[PDB]
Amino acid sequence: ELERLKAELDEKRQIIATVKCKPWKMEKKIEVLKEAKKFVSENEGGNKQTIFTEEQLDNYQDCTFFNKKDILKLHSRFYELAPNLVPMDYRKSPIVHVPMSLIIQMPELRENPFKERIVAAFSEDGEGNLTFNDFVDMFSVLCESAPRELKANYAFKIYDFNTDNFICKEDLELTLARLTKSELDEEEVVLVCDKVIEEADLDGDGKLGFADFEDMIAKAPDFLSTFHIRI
């Protein structure tokens, strides 16, 4: 049975190490991390600051692709967006929402043609009124250390303009038009969209599910270029 505890311990470790790769909200990632870390502890027997506790910085490091210094930079960047809403002491996990208009004005998102949709996808309500946790989530997914599949999950939601849980040719037309605003003519986008959708739609509905969309991203990788942003 020692083998069974040793296997479960290893599974927990895998969970601990890959929660940052999950298309999940910060609070879900932290809850799963804590549970896995508890199993492990019960069976195995950088410059002071006052914005975050060390626990919450550790949790942020474990649930994102960022270091503790990065988190404190992101805090300053969020504060700058709304200095009269954003608290300077997060130690008691205060909940504050900054409006989408303010977030999208940031230099990192200003020029992105899917900025509003990127921001909304990291909100539970779909309105883009982000907390700090949502803001960290967004830039963790958008960073260069994040896996392609994480970006693809968000990309699938962000490019689903008709909100049907599918990527059709109408969805892809609006997407590629924004991605090629001065590259492809309203009439060449149609052709390219058709070709992609058809080589990827195996069930004959003209609509892509997540798995088919993933395959369509492996080929045509430039659909994920929107989701490479450095903060």
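The numbering used is simple: start at 1 and walk along the sequence shown.
Just going by the entry, 200-208 versus 26-34 on mean CA temperature factor gives the higher value to 200-208. Per the PDB record, of the two stretches 170-178 and 65-73, 170-178 carries the greater mean B-factor over its C-alpha atoms. Ranked against the other modelled residues of its chain, the C-alpha B-factor of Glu80 as given in the entry falls in the highest third. Per-chain ranking of the deposited C-alpha B factor places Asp125 in the middle third.
Looking at the C-alpha B-factors along this chain, the one for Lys20 belongs to the lowest third. Sort the modelled residues of the chain by CA B factor and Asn59 lands in the lowest third.
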